[PDB]
**Student:** 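Structure incoming, see below.
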Amino acid sequence: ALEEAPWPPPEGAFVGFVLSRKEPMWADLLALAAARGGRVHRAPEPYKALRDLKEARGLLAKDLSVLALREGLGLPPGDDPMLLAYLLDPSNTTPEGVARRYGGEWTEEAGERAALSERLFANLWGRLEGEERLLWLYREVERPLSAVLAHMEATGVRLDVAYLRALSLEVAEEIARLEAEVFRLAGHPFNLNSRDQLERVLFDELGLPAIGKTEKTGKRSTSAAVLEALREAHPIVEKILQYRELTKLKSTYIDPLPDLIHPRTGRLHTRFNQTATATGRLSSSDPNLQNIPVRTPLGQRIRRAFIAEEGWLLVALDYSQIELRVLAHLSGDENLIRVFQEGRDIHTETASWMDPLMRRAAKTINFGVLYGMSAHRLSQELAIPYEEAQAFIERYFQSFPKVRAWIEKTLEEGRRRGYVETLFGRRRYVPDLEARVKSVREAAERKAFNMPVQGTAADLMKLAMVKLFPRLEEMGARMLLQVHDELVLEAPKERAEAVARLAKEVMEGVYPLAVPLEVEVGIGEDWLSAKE
DNA sequence: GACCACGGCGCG
DNA sequence: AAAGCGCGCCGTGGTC
Ligand SMILES: O=c1[nH]c2ccccc2n1[C@H]1C[C@H](O)[C@@H](COP(=O)(O)OP(=O)(O)OP(=O)(O)O)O1
Ligand SMILES: [Mg+2]
Ligand SMILES: [Mg+2]
Ligand SMILES: [Mn+2]
Ligand SMILES: [Mn+2]
């Protein structure tokens, strides 16, 4: 039954706020409230009232801190019950669910939100009493990380807009040429973007063999894997693949990115969602800057668009074979430890076995292999017979015997405890491990043993970001992007070299393992340059 | 306009 | 597509 108390609130109050739209960098601050000591404070003018707070503590703290940074204010995020709930159970991803689950309702009014924040925090902090590992992750990783992300989000990254505009006009001309071919070959026009219309053309009119069907609705699939299986079975398939690539990059990146430049900053701002994934990874959205193309020649042209402020350079740091090293440490496989203790590369060894484009393939291969891929799909990818695909799966695990033993212990443990955990104790609940439908059970198993490996690499990286960020600010350098095992920094030209050495070392020393973490670093005027 | 399910595909 | 995992956004297609 909170009481209206005059703004401002006492120091250390829980904040509620309402935004015109989810994106902090783009939102209007509609309302701002705070709660403390059995009272609620509703600010008369939200923007002015921001100045009174000294830290944002409450649901979605980082977002409001991001909006504060955009206004020239340094209001860092503090406690956020979402981070508590997320650590308790990573399926806790939204305030709607968290409130439903731990004792309130997520409404649209800042006061009730500030109130909700306060009681949700009490209750969750209660639930976390005694979970000392999760408390450690909260204090040493997540809560400090929120500040770092708020700064990355507010900073943004520079984009060569004029370049992409020109690229759009070029690519559009290429697409029209391929559309025309496809339409001719099909003997009539139709919407090449409609997978439904395409399917009737390929499998009914052209009478091509229907490899596979789609998951939910059982239509005949027109996916790249299926089209690749028909690249020589007919010429029109080939062009379809190329129309898909261009339209995919044009409509997802080339055309939308330029129109998202912020007016005040002149830069492009993503959101780094901190309670979004089941393994502990971050995600990026609005726009997603974690899937900017890079694997093909055209995508590379897109990456070139991401450039440094004049007088600065981008610094790109990227852990080598990160999840493999984690697997060595997690499992104890001596043969795999040695692989890394003596500077061996097995992403390059799976390339010649099966340059920069051939190494990306061995990356899809050795990772697909490792996480329970099927002999069937491996045979199909590598273009070899099923007989040969099983032997790359026999040897790939013969070499490193303790991995399978680790997989088993992990699954056995997740069955008893109902969850699996990373090196630091981050939990993921995986209930279907005792499912009586084999398929459902074995999916769960693949989810279960991947988590500690992907989630440990994410713990390490978050920790590296937490340690590295203070050093960058004191050097006048900036942290721009994180792509799971990678960081892009922006540095004044004359500090760029020292920043790279420093960041490389911080990341490599984040938390020593039974195997060394190695980092590749590069420096350049654009994101593509910085990774050569 | 808003929403959503689906197939599809980009990156890690 | 199939016994890899984790995401977010696209166009289409359908509703309200
Ligand atoms: O689960 C998959 N499937 C993948 C397919 C292609 C590429 C990576 C894949 N990964 C994950 C594993 C790891 O978390 C991260 C490493 O990211 P990448 O930088 O791409 O690879 P890498 O660390 O093995 O080696 P390298 O840095 O010398 O290139 O990506
Ligand atoms: Mg061209
Ligand atoms: Mg989906
Ligand atoms: Mn990488
Ligand atoms: Mn890497």
Side-chain angles (χ1 to χ4, degrees), chain A residues 90 93 191-199 209-230 240-241 244-245 247-257 270-273 276-296 298-299 302-303 318-319 321-323 360 363-381 386 389-390 393 396 407 420 428 430 438-455 457-458 461 481-487 527:
Chain A
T93 61
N191 183 356
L192 199 42
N193 299 332
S194 163
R195 55 87 50 213
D196 283 348
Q197 304 188 28
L198 175 65
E199 172 190 6
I211 279 57
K213 301 237 202 305
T214 65
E215 173 56 29
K216 309 282 186 298
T217 52
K219 311 182 195 175
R220 290 163 303 190
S221 178
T222 65
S223 70
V226 166
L227 301 191
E228 278 168 343
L230 300 169
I240 299 286
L241 292 184
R244 282 252 174 98
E245 197 199 335
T247 60
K248 173 65 156 180
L249 299 186
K250 186 161 179 307
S251 78
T252 297
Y253 307 101
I254 295 164
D255 281 338
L257 296 178
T270 180
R271 303 176 64 196
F272 285 108
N273 312 292
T277 75
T279 61
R281 282 197 171 181
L282 308 172
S283 74
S284 160
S285 60
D286 303 303
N288 181 350
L289 293 186
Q290 294 194 318
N291 66 341
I292 301 292
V294 78
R295 293 166 180 188
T296 73
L298 175 49
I302 286 48
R303 222 158 238 244
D318 176 288
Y319 288 102
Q321 334 168 249
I322 169 77
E323 303 199 347
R360 289 189 281 247
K363 298 210 282 187
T364 288
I365 286 321
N366 302 118
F367 285 131
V369 171
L370 153 62
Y371 289 102
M373 181 180 41
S374 78
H376 187 229
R377 172 182 171 177
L378 189 295
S379 62
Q380 304 283 316
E381 297 262 316
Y386 178 99
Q390 183 61 35
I393 314 301
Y396 191 134
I407 289 164
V420 286
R428 171 183 192 180
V430 183
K438 181 150 69 178
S439 75
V440 172
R441 180 177 68 253
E442 271 165 9
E445 299 181 338
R446 280 182 311 272
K447 292 178 176 94
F449 73 80
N450 162 277
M451 190 266 168
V453 175
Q454 173 187 126
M461 175 56 95
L481 310 163
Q482 184 268 31
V483 196
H484 311 303
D485 81 327
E486 182 179 347
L487 290 183
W527 194 353

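Protein chains get the first letters and strands the later ones, always in sequence-line order, with residue 1 at the start of each. Computation of the quantities below employed the complete heavy-atom set of this structure, encompassing side-chain atoms and omitting hydrogens, waters and symmetry-equivalent molecules.
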**Student:** With P as the reference atom in both, quote the distance from C:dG4 to B:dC4 in angstrom, rounded to an integer.
**Tutor:** 30 Å
**Student:** Rounded to whole Å, how long is the line connecting atom CD1 of A:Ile292 with atom P of C:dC10?
**Tutor:** 11 Å
**Student:** In terms of the nearest nucleotide of DNA chain C, which residue is placed more toward the 5' end: A:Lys213 or A:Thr277?
**Tutor:** A:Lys213
**Student:** Side chains of A:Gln290 and A:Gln482: is there a donor and an acceptor less than 3.5 Å apart?
**Tutor:** yes
**Student:** Nearest whole Å is fine: how far is C:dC7 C1' from A:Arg428 CZ?
**Tutor:** 12 Å
**Student:** Using the torsion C1'-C2'-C3'-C4', state whether the ribose or deoxyribose of B:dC4 falls on the north (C3'-endo) or south (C2'-endo) side.
**Tutor:** south
**Student:** Using the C1' atom on both, measure B:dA5 against C:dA3 and round to a whole Å.
**Tutor:** 25 Å
**Student:** A:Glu245: what forms a salt bridge (charged side-chain N to carboxylate O under 4.0 Å, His left out) with it, not counting sequence neighbours?
**Tutor:** none
**Student:** Using the salt bridge (charged side-chain N to carboxylate O under 4.0 Å, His left out) criterion, which residues pair with A:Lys248? Sequence neighbours excluded.
**Tutor:** none
**Student:** Taking only nitrogen or oxygen atoms into account, show me every contact under 3.5 Å that the protein makes with nucleotides 3-6 of chain B, one pair per line with its distance.
**Tutor:**
none

**Student:** Restricting to non-hydrogen atoms, name the atom on A:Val226 and the atom on A:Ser221 that form the minimum distance, rounded to 0.1 Å.
**Tutor:** CG1-O, 3.5 Å
**Student:** So what's B:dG10 doing, north or south, if we go by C1'-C2'-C3'-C4' (plus is north, minus is south)?
**Tutor:** north
**Student:** How would the sugar of B:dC9 be described, north or south, if a positive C1'-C2'-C3'-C4' means north and a negative one means south?
**Tutor:** south
**Student:** Once you look at the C1'-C2'-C3'-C4' sign, would you call C:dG8 north or south?
**Tutor:** south
**Student:** Starting at CG of A:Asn193 and ending at P of C:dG13, how long is that distance when rounded to a whole Å?
**Tutor:** 9 Å
**Student:** Side chain of A:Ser374: nearest nucleotide among C:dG4, B:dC11, C:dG13?
**Tutor:** C:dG4
**Student:** Side-chain donor or acceptor of A:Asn291 under 3.5 Å from a matching atom on the base of B:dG10?
**Tutor:** yes
**Student:** Please determine, for the side chain of A:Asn450, which listed nucleotide (C:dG11, C:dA2, C:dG6) has the closest atom?
**Tutor:** C:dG6
**Student:** Heavy atoms only, 4.0 Å cut-off, all strands: where does A:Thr247 land among base, sugar-phosphate and nothing?
**Tutor:** nothing
**Student:** With sequence neighbours excluded, tell me which residues meet side-chain contact (heavy atoms from CB on, under 4.5 Å) with A:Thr93.
**Tutor:** none
**Student:** Restricting to ring-ring contact (aromatic ring centres under 6.0 Å, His included), what partner residues turn up for A:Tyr371, sequence neighbours left out?
**Tutor:** none
**Student:** Where the side chain of A:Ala278 is defined as all heavy atoms beyond and including C-beta, which of C:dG6, C:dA1, C:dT12 is the nearest nucleotide?
**Tutor:** C:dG6
**Student:** With heavy atoms under 4.0 Å as the rule, sort A:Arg377 into base, sugar-phosphate or nothing.
**Tutor:** base
**Student:** At less than 4.0 Å, is any side-chain N or O atom of A:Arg446 found next to OP1 or OP2 of C:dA3? Yes or no.
**Tutor:** no
**Student:** Could you please name the option among C:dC5, C:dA3, C:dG8 that lies closest to any side-chain atom of A:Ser283?
**Tutor:** C:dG8
**Student:** Write down the distance between CZ (A:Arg244) and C1' (C:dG11), rounded to a whole number of angstrom.
**Tutor:** 11 Å
**Student:** From B:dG10, C:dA1, C:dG13, pick the nucleotide closest to the side chain of A:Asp196?
**Tutor:** C:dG13
**Student:** Please report the distance, rounded to the nearest Å, between NZ in A:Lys219 and P in C:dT12.
**Tutor:** 14 Å
**Student:** So which nucleotide from C:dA1, C:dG8, C:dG6 ends up closest to the side chain of A:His484?
**Tutor:** C:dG6
**Student:** Over all strands shown, is A:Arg271 touching base, sugar-phosphate only, or nothing at heavy-atom distances under 4.0 angstrom?
**Tutor:** nothing
**Student:** Kindly determine whether A:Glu323 and A:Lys363 satisfy salt bridge (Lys or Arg N to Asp or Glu O under 4.0 Å), including the steps that lead there.
**Tutor:** CA-CA 11 Å; A:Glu323 303 199 347; A:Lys363 298 210 282 187; over 6 Å; no
**Student:** From the options C:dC7, C:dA2, B:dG8, select the nucleotide whose nearest atom is closest to the side chain of A:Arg195.
**Tutor:** B:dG8
**Student:** Nearest to the side chain of A:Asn288, heavy atoms from C-beta on, is which of C:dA1, C:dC7, C:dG8?
**Tutor:** C:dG8
**Student:** Return the pairing partner of B:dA5 with a 3.5 Å limit on both distances, Watson-Crick or G-U wobble; otherwise return none.
**Tutor:** C:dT12
**Student:** Measure from CG on A:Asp286 to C1' on C:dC9 and round the result to the nearest Å.
**Tutor:** 10 Å
**Student:** When the distance from CD of A:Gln482 to P of C:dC7 is rounded to whole Å, what number comes out?
**Tutor:** 14 Å
**Student:** A side-chain contact here means heavy atoms from C-beta on lying under 4.5 Å apart; do A:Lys213 and A:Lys219 qualify?
**Tutor:** no
**Student:** A:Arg441: what forms a salt bridge (charged side-chain N to carboxylate O under 4.0 Å, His left out) with it, not counting sequence neighbours?
**Tutor:** none
**Student:** Can you identify which nucleotide, out of C:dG11, B:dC9, B:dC11, has its nearest atom closest to the A:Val294 side chain?
**Tutor:** B:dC11
**Student:** By nearest nucleotide on DNA chain C, pick out whichever of A:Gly372 and A:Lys447 is the more 5' one.
**Tutor:** A:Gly372
**Student:** Would you mind telling me which of C:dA1, C:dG8, C:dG4 lies closest to the side-chain atoms of A:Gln380?
**Tutor:** C:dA1
**Student:** Within less than 4.0 Å of OP1 or OP2 of B:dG7, is there a side-chain N or O belonging to A:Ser221?
**Tutor:** no
**Student:** For A:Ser439, which contact category applies under a 4.0 Å heavy-atom criterion: base, sugar-phosphate, or nothing?
**Tutor:** nothing
**Student:** For A:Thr222 and A:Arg244, does a side-chain donor sit closer than 3.5 Å to a side-chain acceptor?
**Tutor:** yes
**Student:** Specify the separation, in whole Å, of atom CG of A:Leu192 and atom P of B:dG8.
**Tutor:** 13 Å
**Student:** Would you mind calling the pucker of C:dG6 north or south from its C1'-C2'-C3'-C4' torsion?
**Tutor:** north
**Student:** Checking all strands, does A:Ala224 fall into the base, sugar-phosphate, or nothing category for heavy-atom contacts under 4.0 angstrom?
**Tutor:** sugar-phosphate
**Student:** Hey, is the side chain of A:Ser284 poking within less than 4.0 Å of OP1 or OP2 on C:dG8, counting only N and O atoms?
**Tutor:** no
**Student:** OP1 or OP2 of B:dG10 less than 4.0 angstrom from a side-chain nitrogen or oxygen of A:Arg295, does that happen here?
**Tutor:** no
**Student:** Does a donor on one side chain and an acceptor on the other come within less than 3.5 Å for A:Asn288 and A:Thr270?
**Tutor:** no
